[PDB]
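The structure appears below as structure tokens.
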Amino acid sequence: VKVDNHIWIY
Amino acid sequence: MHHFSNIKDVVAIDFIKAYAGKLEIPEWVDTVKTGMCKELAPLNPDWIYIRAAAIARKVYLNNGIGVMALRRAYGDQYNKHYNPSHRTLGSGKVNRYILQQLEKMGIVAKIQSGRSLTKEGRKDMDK
Amino acid sequence: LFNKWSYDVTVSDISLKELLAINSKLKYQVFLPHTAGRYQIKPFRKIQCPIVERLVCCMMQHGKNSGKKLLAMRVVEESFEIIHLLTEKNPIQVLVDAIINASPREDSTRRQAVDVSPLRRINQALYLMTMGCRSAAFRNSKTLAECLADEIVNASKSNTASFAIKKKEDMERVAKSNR
Amino acid sequence: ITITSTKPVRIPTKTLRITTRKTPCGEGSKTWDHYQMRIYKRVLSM
Amino acid sequence: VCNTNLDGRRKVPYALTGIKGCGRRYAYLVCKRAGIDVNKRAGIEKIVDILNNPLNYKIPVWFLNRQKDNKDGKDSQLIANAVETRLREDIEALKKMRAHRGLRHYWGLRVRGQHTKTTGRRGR
Amino acid sequence: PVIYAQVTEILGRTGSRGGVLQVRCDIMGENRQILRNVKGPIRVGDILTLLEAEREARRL
Amino acid sequence: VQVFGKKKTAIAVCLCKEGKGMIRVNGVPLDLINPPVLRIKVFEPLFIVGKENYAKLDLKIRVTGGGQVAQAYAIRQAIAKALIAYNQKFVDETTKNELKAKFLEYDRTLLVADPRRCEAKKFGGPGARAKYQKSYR
RNA sequence: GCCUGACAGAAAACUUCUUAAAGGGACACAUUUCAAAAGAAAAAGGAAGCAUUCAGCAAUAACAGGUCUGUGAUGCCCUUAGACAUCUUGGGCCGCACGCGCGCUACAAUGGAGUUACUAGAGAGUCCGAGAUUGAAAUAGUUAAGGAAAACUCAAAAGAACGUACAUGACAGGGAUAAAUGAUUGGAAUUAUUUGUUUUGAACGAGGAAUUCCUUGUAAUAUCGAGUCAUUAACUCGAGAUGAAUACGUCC
């Protein structure tokens, strides 16, 4: 879903 | 809405990265950390060009600025002992090298009250 | 909650329906879990706090993280997307039913078995599922967001693998002999 | 014309804070009396 | 690599720290001079000489372990298993002249003159 | 198999220190008064859930 | 018409005037706030009553105190107060009354400052209430 | 004047925010319920409704509580020219087999490390606080307007944003111990005053019995100013930055 600098959730 | 009149209408970090051959590499680009609080040297080999763009932006927003007003800006905390962390000025030679190099490029100047931008310097970044 | 999730959710048991601020009035549907109100100046003022707001503030313990709301909400905001992925339902709904199922119904006092007030049912429910995520994300590769996400979905329906459910039936079983 | 006293452009006052230990020795609980006195400044221009 | 065995799982700048003369900042410099990518994992003959012959490999004298060496020589020459032996001859040198700093080293006390009344509680 | 109850009045606090409430609930299912010992914040209006209404916790 | 929003120490002095729906805080757009987690929070008044009210209004807000979150809570105050004052000085008071009712129904702090302020440290302790540990033995 | 409404240099007025004087403003009055009454509780309004919150002064009487090592305040005793008066040189109150108290820092991924924009409040400055220029790797060394200060100096970090980095690994968490070398302050730094660079890379995996503080901008978290000061804070006195939970109770 979201990819910030803290997590990569896909 | 969104209108553009100056460089305050974009984020600072992306503009600096987008702003990064006159800036010749000195002899201490590798054996020097960006301060005294830090314990590791900068990682990316292009760290000067990120720092060079950032130092130009500081002169843009703050007209009358000096080298020592950049050492405190690029500072950190002293956390090397059991004592509580306190602020400490950043390294000076790395910071003033860009300003002197920027002087020859015609972007910055040497006013009676520190350093300031020039006619072409303001125009160049806006484009 | 973040222009992503709706508030068309209900509560299973009426014992917490009047004590949970979900969509009763217009002040509870808040754009952020960041509200600087005074919810602890009069008794039963905390019920006026949004449910996710109360849950967020419970992730701010153990000293080194005291008084860091921005760091706490980021964990929750990136967890309710994981809960939706693993349940394809409303993350707010998952939290609401998790509270009901993980809520203890009888404790003991120094022993005599006594029931639990509906607010203390809510208060202890939050204190339980956060502790499991806090302990299971310690010295672990897994991030706190998924650690919080998996606990809520596990404690949601019936799973006894969650820390909240184990403790909820731990006190009731002890109170089952303390009648 | 500028006037300053311990008791017009109204310059902000500069309070003079001094704190001391009440005891003349180390014995007893630690109690500090917070001594202070302000300075008021007024400017007259014509 | 310099009579030492290193772990082949970590990155090259952070795997050279196992050498008793090379630490954290020194390791990062020799990786830049040798032209080896820092992000590459540890898992070679160009490194074992810059560690031991750094004066001619674009290094500064203030980045050296042994500055103003005795018994002639001005180079570090400490990035090896030479760390312990070089340290020992300094300690025994003070004892020979019975200097005060050497005397405390002989008794195993706090050399740099600190409050040992309370802290330093190794029961013996 | 859990039967709820509605609080009607509060009879005070007991249990050595103040942490236990003696309230007089009623069961809306059949209007059967029951006296229970409650821990936590309670007002008259709020309701309660009990897994056992067979014990009249009068506490002598 | 000039308004103000207040917080612990942060002050958001605004300048409400006719414009093109443009909002700049200290020269930068409100979409480019430094703590992006509070980007939505400062925009809450805009979606509360709709953006058509702010379509023809210009705002020039300066912040001169507090912290990153104190300023963010003052920005939302000066935005909501500016709409109330503009609808009061020029537009009829009936239209403003319905707008204020919706604002005060959502968040009272939107239109009035928080009276809470930091306390003063006292002798014999690290904070306003906490004291130093006691060693009986 | 410069640039794609921003910026730079002189100007002319205004006081909402800034400052500071005076007055105004809440008295729980106004309603409801409970107690003939003092009064108690809810909600609305209000900037502000627990004495609105935090503070200074704070009675009768007493301790055989601490200070005669603060004084040219002093009684009595004692020493009084080979002195317990005074001054000079050096050593110590910093000494470690151990036990106790107040604290600082860590045991990390709610983290460390690398780059960027940031946001304060309250203090202090006469040879004193020190802007600007430069050489440098940093500590610091050479020349230096302004300021007896709302004028000039005096400046934020916790946090955030940026990366295919670190990935459960006593590891890059931790920085004790030391080995080298460079200066600052001082008549003088050895038993390192302080401190820079490289190397050395230890205990510590959330802590037993006990025990301390805390009810709202409070606890807690990290920081800044001042006291002390030729140089030295991990102490004390203050200030802002973010903002938990649990109670509106009883004598165990």
Determine the equivalent ellipsoid of chain B by diagonalising the alpha-carbon gyration tensor, then write out the semi-axes as square roots of 5 times the eigenvalues, largest first, rounded to whole Å. 26, 17, 16
For region E:5-124, one quarter of the surface area of the C-alpha convex hull, expressed in nm², comes to 10.6
Restricting to Cα pairs below 8 Å that are 6+ residues apart, what does the relative contact order work out to for chain G? Please round to a whole percent. 30
Whole-Å distance linking the alpha carbon centroid of region F:1-57 with that of region G:91-137 is 37
Low-density loop cleavage sites - chymotrypsin sites (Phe, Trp or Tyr not before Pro) in region E:1-42, where at most 14 other Cβ are within 10 Å (DSSP): none
Taking all pairs of distinct alpha-carbon atoms in the protein assembly as shown, Kirkwood radius in angstrom: 32.7
Between F:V38 and residues 5 or more places away or on another chain, the pairs with built amide H atoms under 5 Å apart involve F:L21, F:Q22, F:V23
Cα-Cα longer than 19 Å, checked against C:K46/C:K167; B:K80/G:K121; C:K69/G:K8; G:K51/G:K96, kept in input order, equals C:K46/C:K167; B:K80/G:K121
Order by neighbour count: D:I18, B:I55, F:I47, fewest other Cβ atoms within 10 Å first, most last. D:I18, F:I47, B:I55
Using θ = phi - 60° and the Karplus form 6.51 cos²θ - 1.76 cosθ + 1.60, what ³J(HN,Hα) does each residue of region C:89-102 get, whole Hz, x for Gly and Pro? 10, 5, x, 5, 4, 4, 4, 5, 6, 5, 4, 5, 6, 8
With a ≥ b ≥ c taken as the square roots of the eigenvalues of the C-alpha gyration tensor of region C:4-56, please select rounded if a/c is under 1.5 and otherwise prolate if a/b is larger than b/c or oblate if it is not? oblate
Once every DSSP H run of n ≥ 4 in chain G is given -39500 (n - 2.57) and the sum is divided by its residues, what mean residue ellipticity at 222 nm do you get, rounded to the nearest 500 deg cm²/dmol? -10000 deg cm²/dmol
Quick check on chain G: of the DSSP beta bridges with both residues there, what percent are antiparallel, nearest 5%? 75
Considering only the protein assembly as shown, what is the antiparallel percent among its DSSP beta bridges, to the nearest 5? 90
Using DSSP to call loops (not H, G, I, E or B), can you name the chymotrypsin sites (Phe, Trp or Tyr not before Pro) in region G:46-123 whose Cβ has at most 11 other Cβ atoms within 10 angstrom? G:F90
Among the trypsin sites (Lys or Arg not before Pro) within region B:46-118, which fall in a DSSP loop and have no more than 13 other Cβ atoms within 10 Å of their own Cβ? B:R72, B:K80
Whole-Hz Karplus ³J(HN,Hα) for region G:47-52, in order, using 6.51 cos²θ - 1.76 cosθ + 1.60 and θ = phi - 60°, x for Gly and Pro? 8, 5, 10, x, 8, 6
Which of the three applies to chain C, rounded, prolate or oblate, going by the alpha-carbon gyration tensor with a ≥ b ≥ c and a/c under 1.5 meaning rounded? rounded
Normalised Cα Rg of chain F, dividing by 2.2 N^0.38 Å with N its residue count, works out at 1.05
1/(1 + (r/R0)^6) with r = Cβ-Cβ of B:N44 and E:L55, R0 = 35 Å, i.e. FRET efficiency to nearest 0.05, evaluates to 0.80
Per 10 Å bin, what is the whole-percent P(r) computed from every C-alpha pair distance within region G:58-97? 28, 42, 23, 8
Project the alpha carbons of chain D onto their principal axes and report the range along each, largest first, in whole Å. 58, 13, 11
Grab the DSSP H runs of chain C that are 4 residues or longer, score each as -39,500 (n - 2.57), total them, divide by all residues and round the 222 nm result to the nearest 500 deg cm²/dmol. -14000 deg cm²/dmol
Which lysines, if any, have their Cα less than 21 Å from the Cα of E:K20, not counting same-chain residues under 8 positions apart? E:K11, E:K32, E:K46, E:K68, E:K74
Descending Cα extents along the principal axes, region C:53-136, whole Å: 42, 34, 22
The Rg/Rh figure for region G:75-135, Cα atoms and Kirkwood Rh, to two decimals is 1.40
Please turn the phi angles of region D:10-18 into ³J(HN,Hα) values with the Karplus equation 6.51 cos²θ - 1.76 cosθ + 1.60 (θ = phi - 60°), one per residue in order, whole Hz, x for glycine and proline. 9, 5, x, 6, 10, 5, 9, 9, 9
Mean-position separation - Cα centroids, region E:6-43 and region C:121-161, in angstrom: 40
Kirkwood Rh over alpha-carbon pairs of region E:1-51 plugged into Stokes-Einstein at 20 °C, 1.002 mPa s gives a D in µm²/s of 200
Under the √(5λ) rule applied to the eigenvalues of the Cα gyration tensor, what semi-axes describe the equivalent ellipsoid of region E:21-90? Give them in Å, descending. 24, 13, 10
Here region B:65-127 gives, from Cα atoms, an Rg and Dmax in Å of 15.5, 50
Sequence neighbours fewer than 8 away in the same chain don't count; with that in mind, list the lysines whose C-alpha is under 25 Å from B:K58. B:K8, B:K17, B:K22, B:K33, B:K38, B:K93, B:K104, B:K110, B:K119, B:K123, B:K127, G:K60
I need two numbers for region G:4-97: Rg to one decimal and Dmax as a whole number, Cα atoms only, in Å. 12.7, 37
Roughly speaking, what is the centre-to-centre gap between region D:20-37 and region E:86-124 when only Cα atoms are used, to the nearest Å? 44
Normalised convex hull volume, region C:90-154, alpha-carbon set, Å³ per residue: 92
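Just so you know, all these numbers are worked out from the coordinates, no wet-lab data involved. Note: ideal-geometry Cβ built from the backbone for every residue, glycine included; neighbour counts use all protein chains shown.
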